[PDB]
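Below: one structure, written as structure tokens.
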Amino acid sequence: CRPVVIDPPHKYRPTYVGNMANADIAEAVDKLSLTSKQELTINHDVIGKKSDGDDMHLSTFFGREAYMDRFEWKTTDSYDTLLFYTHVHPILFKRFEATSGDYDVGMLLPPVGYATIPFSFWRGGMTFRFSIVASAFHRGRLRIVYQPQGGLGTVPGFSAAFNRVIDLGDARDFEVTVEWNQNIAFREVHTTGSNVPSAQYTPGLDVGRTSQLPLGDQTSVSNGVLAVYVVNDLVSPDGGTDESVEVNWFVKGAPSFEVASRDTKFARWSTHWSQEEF
Amino acid sequence: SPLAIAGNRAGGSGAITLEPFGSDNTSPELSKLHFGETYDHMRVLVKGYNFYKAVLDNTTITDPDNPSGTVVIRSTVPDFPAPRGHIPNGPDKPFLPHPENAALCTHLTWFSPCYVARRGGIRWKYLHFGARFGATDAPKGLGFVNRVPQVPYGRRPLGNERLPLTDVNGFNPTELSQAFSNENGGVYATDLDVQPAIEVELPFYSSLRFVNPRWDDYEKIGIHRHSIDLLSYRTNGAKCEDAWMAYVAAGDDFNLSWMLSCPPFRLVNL
Amino acid sequence: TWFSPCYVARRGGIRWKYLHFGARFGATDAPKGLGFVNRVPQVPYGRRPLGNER
């Protein structure tokens, strides 16, 4: 204790509890190990499978395809009839009812829909793929229409809006991607207030819904509307009045998908749906 | 027919591109226009803290022999948030049909079940609060957090034990040792009168390469556990007057390996 | 609130400082307690209203 300190004083700001919001600053915590440098690997290869990249990146969710539902063609169909109608947004629910013996409910989302729940704003493109299940002797032609805003309450023209005509020949399994066509930079994310969400797309055979009328009024969360119309009637060798054909569709996220927010809407949901009715 | 076979491989790599709707035109300086920063990485996102499952001790107030008068209250809990709902075991209502876990779904119990493997450390923050409901307030006391290692015999059970400390002539050096242990790899100690919060990080120490992030049973996730205990005076044996607030984040080596699929979910209320 | 209405656009962050005080008017003073400040994000359904719930 020979000398004396002649340095100027300073200010402290105790900060008893610390910073619980940022994710880039160091932390003053007490590691309960022997050394302060203990550390495992982040290899992704120690489980037994070669890694295609960082599996904790959000891009791995935007890009995983998923089968949603099916709709019919019903060859006894006029030249302009609505077959499919959906909203272009990733939050598309699917509700089931526990086939086995008990009463239980649940919901499902695509990989794109699942990852945007903890967020509040979304933007980017989405990819759709339609596959027709027919034999080698089926002929027909279909139409795909996109409406940026307002919905399609009536059959549109052929060039007023974006249209595509595809034919059922020796090739099936067509895919198409919708980009961002809004006047705003970001849109909102859909939520649900109860356990039975409202319909987001028209007939899906898995969910027992078969209404062909066009639903709408979801402008504040979606990026337009997709519709499917007949162009040339389906032709089969045997004979109509009893013959149909099923089309399966898949959803995905384009490489330009984006989310930027933080939300607390999933704070009271749970992945344990097994026994919650009693 | 070649065009119908190539378009049937998994992933839709044989589908026909169809001249997409519009064009993609995004500038690099869009983050400087909206929201300031980007949210493209989930590993960075999971390093923030989330409120979860305030910890109480309202399960031992039933038997008419619980000690009072400066006793020790101890709770043993798993190392993982143990997802919300009516889990099979349940820490919140065990001696009553259909026990449940009165918690909230955090950012760790939402992105985890979509995976095959899980390994890494977890960070916790415990904040103390409590009153006396009359019998004018007493000092806070002492708080400790220590690990519970694996042992083939005589391991500590999960949660809510109370131990006495005093006798007719005051403190006893013998009972003060039966309510503690060696703490050879555990305790961080503090005084709650000058510091009410506890920050701790708990390593993996698994002896296995990983664990199942789809686990749901409370005891299955409770293979790696720790304990939070507090020493307080002038307590009541039939009331719960102290609690902790738990905030959970991800450690520096938290990992999730293989994205399998998205599981179902529902709206749960208690 | 004096220099702002003379403008067309407004954007940016705001900084706040909250200082706590309070008594009991008899019933001799209790400990202060715990205080929290948190954001309320935008949600189409079930958003928090403005103020004064117990």
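Labeling convention for the structure tokens: chains A, B, ... as they appear, residues from 1 per chain, ligands from 1 in order of appearance.
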
(request) Do me a favour and pick out the residues of chain A within 10 Å of chain C, using only C-alpha atoms, as a list in words. (result)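 Therefore, the residues near the partner are residues 21, 119, 120, 121, 188, 189, 190, 191, 192, 193, 220, 221, 261, 262, 263, 264 and 265 of chain A.
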
(request) Residues of chain B no more than 9 Å from chain C, counting only C-alpha atoms: send them over as number ranges by chain. (result) B: 129-131, 136-137

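Non-sequential neighbours of region 92-104 of chain A (distance at most 8 Å, separation of 3 or more positions within a chain, only C-alpha atoms) are residues 89, 107, 108, 109, 110, 113, 196, 197, 200, 207, 273, 274, 275, 276 and 277 of chain A.
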
Emit the selected residues as a tab-separated table (two decimals), in the first residue's frame, including N, CA and C atoms.
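What landed in selection.tsv:
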chain	number	residue	atom	x	y	z
A	89	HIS	N	-50.34	-17.16	-49.61
A	89	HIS	CA	-49.64	-16.85	-48.37
A	89	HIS	C	-49.27	-18.16	-47.69
A	107	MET	N	-53.38	-29.67	-36.01
A	107	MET	CA	-53.21	-28.85	-37.20
A	107	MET	C	-51.82	-29.05	-37.76
A	108	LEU	N	-51.68	-28.80	-39.06
A	108	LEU	CA	-50.42	-28.98	-39.76
A	108	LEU	C	-50.14	-27.77	-40.64
A	109	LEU	N	-48.87	-27.52	-40.89
A	109	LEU	CA	-48.42	-26.42	-41.74
A	109	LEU	C	-47.29	-26.91	-42.63
A	110	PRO	N	-47.10	-26.28	-43.79
A	110	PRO	CA	-45.94	-26.60	-44.62
A	110	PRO	C	-44.66	-26.10	-43.96
A	113	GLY	N	-44.74	-22.44	-43.93
A	113	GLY	CA	-45.70	-21.90	-42.98
A	113	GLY	C	-45.24	-22.02	-41.54
A	196	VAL	N	-60.42	-24.40	-34.84
A	196	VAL	CA	-60.96	-24.73	-36.15
A	196	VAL	C	-60.76	-23.53	-37.07
A	197	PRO	N	-59.64	-23.47	-37.79
A	197	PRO	CA	-59.38	-22.32	-38.65
A	197	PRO	C	-60.34	-22.25	-39.83
A	200	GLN	N	-58.95	-21.72	-46.14
A	200	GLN	CA	-58.03	-20.90	-46.90
A	200	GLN	C	-57.93	-21.28	-48.36
A	207	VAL	N	-59.64	-32.85	-46.32
A	207	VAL	CA	-60.30	-32.16	-45.22
A	207	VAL	C	-61.82	-32.21	-45.34
A	273	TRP	N	-50.39	-32.61	-28.62
A	273	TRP	CA	-51.81	-32.70	-28.91
A	273	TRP	C	-52.41	-34.04	-28.49
A	274	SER	N	-51.62	-34.92	-27.87
A	274	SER	CA	-51.99	-36.32	-27.76
A	274	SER	C	-53.24	-36.51	-26.90
A	275	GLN	N	-53.17	-36.15	-25.62
A	275	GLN	CA	-54.32	-36.22	-24.72
A	275	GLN	C	-54.53	-34.85	-24.09
A	276	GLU	N	-55.44	-34.07	-24.66
A	276	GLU	CA	-55.78	-32.75	-24.12
A	276	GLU	C	-57.28	-32.52	-24.00
A	277	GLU	N	-58.11	-33.51	-24.30
A	277	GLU	CA	-59.56	-33.37	-24.20
A	277	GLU	C	-60.14	-33.95	-22.91

(request) Compare B:102, B:151, B:209, B:124 by their minimum atom-to-atom distance to residue 268 (chain B), counting only C-alpha atoms, and give me the closest one. (result) B:102

(message) With distances taken over only C-alpha atoms, which residue among B:221, B:211, B:56, B:117 lies nearest residue 87 (chain B)?
(response) B:221

(message) Would you pick out the contacts of residue 242 (chain B) at 10 Å or less, using only C-alpha atoms, so that residues sharing its chain but fewer than 2 positions from it are not included, and give the list as a list in words?
(response)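 Once the adjacent positions are removed, what remains is residues 55, 56, 57, 58, 73, 128, 129, 130, 131, 132, 140, 230, 232, 235, 239, 240 and 244 of chain B.
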
(message) I need the strand (DSSP E) residues of region 36-75 of chain B per DSSP on the backbone, written as a ChimeraX atom specification.
(response) /B:50-55,72-75

(request) Find the residues near residue 269 (chain B): any atom within 9 Å, counting only C-alpha atoms, skip ones fewer than 3 places away on the same chain, and give them as a ChimeraX atom specification. (result) /A:268-269 /B:85

Emit the selected residues as a PDB file, in the first residue's frame, including C-alpha atoms.
ATOM      1  CA  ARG A 268     -49.703 -20.605 -25.776  1.00  0.00           C
ATOM      2  CA  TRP A 269     -49.699 -23.266 -28.502  1.00  0.00           C
TER       3      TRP A 269
ATOM      4  CA  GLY B  85     -49.288 -28.935 -22.019  1.00  0.00           C
TER       5      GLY B  85
END

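Look at residue 224 (chain B): the protein and nucleic acid residues within 10 Å of it, using only C-alpha atoms and passing over chain neighbours fewer than 5 places away, are residues 77, 78, 79, 80, 147, 148, 149, 150, 202, 203, 204, 205, 206 and 219 of chain B.
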
(message) Between B:108, B:82, B:231, B:16, which residue has the minimum interatomic distance to residue 47 (chain B), considering only C-alpha atoms?
(response)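 Nearest candidate to residue 47 (chain B) out of B:108, B:82, B:231, B:16: B:108.
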
(request) Go through A:6, A:82, A:168, A:228 and flag the residue nearest chain B, using only C-alpha atoms for the distances. (result)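 For chain B, the nearest of the candidates is A:168.
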
(request) Excluding region 241-248 of chain A and residues on its chain fewer than 2 positions from it, collect all residues at most 6 Å away from it, counting only C-alpha atoms, and give them as a list in words. (result)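 Non-adjacent residues within range: residues 70, 71, 72, 73, 74, 75, 130, 131, 132 and 133 of chain A.
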
Based on the selection just made, write N, CA and C atoms of those residues as a PDB file, in the first residue's frame.
ATOM      1  N   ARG A  70     -55.915 -32.566 -52.684  1.00  0.00           N
ATOM      2  CA  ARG A  70     -56.274 -32.990 -54.030  1.00  0.00           C
ATOM      3  C   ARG A  70     -57.615 -32.387 -54.424  1.00  0.00           C
ATOM      4  N   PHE A  71     -57.806 -32.208 -55.731  1.00  0.00           N
ATOM      5  CA  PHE A  71     -59.091 -31.803 -56.283  1.00  0.00           C
ATOM      6  C   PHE A  71     -59.337 -32.578 -57.571  1.00  0.00           C
ATOM      7  N   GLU A  72     -60.602 -32.637 -57.975  1.00  0.00           N
ATOM      8  CA  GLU A  72     -61.042 -33.482 -59.075  1.00  0.00           C
ATOM      9  C   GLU A  72     -61.230 -32.669 -60.348  1.00  0.00           C
ATOM     10  N   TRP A  73     -61.320 -33.383 -61.469  1.00  0.00           N
ATOM     11  CA  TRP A  73     -61.580 -32.779 -62.771  1.00  0.00           C
ATOM     12  C   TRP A  73     -62.990 -33.053 -63.272  1.00  0.00           C
ATOM     13  N   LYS A  74     -63.502 -34.275 -63.088  1.00  0.00           N
ATOM     14  CA  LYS A  74     -64.910 -34.568 -63.342  1.00  0.00           C
ATOM     15  C   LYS A  74     -65.308 -34.260 -64.781  1.00  0.00           C
ATOM     16  N   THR A  75     -64.828 -35.077 -65.722  1.00  0.00           N
ATOM     17  CA  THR A  75     -64.907 -34.836 -67.163  1.00  0.00           C
ATOM     18  C   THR A  75     -66.250 -34.277 -67.630  1.00  0.00           C
ATOM     19  N   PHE A 130     -48.409 -28.601 -59.666  1.00  0.00           N
ATOM     20  CA  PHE A 130     -49.611 -29.396 -59.864  1.00  0.00           C
ATOM     21  C   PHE A 130     -49.279 -30.648 -60.665  1.00  0.00           C
ATOM     22  N   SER A 131     -49.765 -31.792 -60.189  1.00  0.00           N
ATOM     23  CA  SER A 131     -49.516 -33.073 -60.837  1.00  0.00           C
ATOM     24  C   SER A 131     -50.841 -33.774 -61.084  1.00  0.00           C
ATOM     25  N   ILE A 132     -51.090 -34.149 -62.336  1.00  0.00           N
ATOM     26  CA  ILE A 132     -52.334 -34.798 -62.735  1.00  0.00           C
ATOM     27  C   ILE A 132     -52.118 -36.303 -62.772  1.00  0.00           C
ATOM     28  N   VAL A 133     -53.033 -37.044 -62.150  1.00  0.00           N
ATOM     29  CA  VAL A 133     -52.959 -38.500 -62.129  1.00  0.00           C
ATOM     30  C   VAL A 133     -53.956 -39.057 -63.136  1.00  0.00           C
TER      31      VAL A 133
END

(message) With distances taken over only C-alpha atoms, which residue among A:8, A:240, A:208, A:148 lies nearest chain B?
(response)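 Result for the nearest residue to chain B: A:148.
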
(request) Measure the distance from CA of residue 227 (chain A) to CA of residue 25 (chain B) in Å and round it to one decimal. (result)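 The value is 25.2 Å.
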